[PDB]
């Protein structure tokens, strides 16, 4: 949204160590074939913990999705900054833990990356 998608595309390289954005036709829009985390194509508005081919979600992420968490900009920028804290607050369970061990230190980068995803990773 108010973020800068081009700056986001650059900031997304950090995420490629574990993620990929491949569309429904098999085209790689961003990534290096890493499969640690789920495919981010179609994340916008997706219920957390539901990508059909990702078999590595933790129980905290599955729980949050069951609670009704779908990815929007406000939840996405809180989550990428500290995934385990975010999951504990949302879920209401303090023992919750995220499998994503990367924390994005800059808020601006979080908003830019969200604007980049609204440009390339929205599924119809």
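Residue numbers count along the first chain shown, from 1.
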Report summary line: The stretch whose C-alpha atoms carry the larger average B-factor in the entry, 45-53 or 22-30, is 22-30
Report summary line: Avg C-alpha B-factor, entry values, 70-78 vs 84-92, higher side is 84-92
Query raised in the report: In terms of the chain's CA B-factor thirds, is residue 37 lowest, middle or highest?
Result: lowest
Query raised in the report: How does residue 122 rank on Cα B-factor within its chain, lowest, middle or highest third?
Result: highest
Requested in this report: Going by the recorded CA B-factors, say which third of the chain residue 10 sits in, lowest, middle or highest.
Outcome: middle
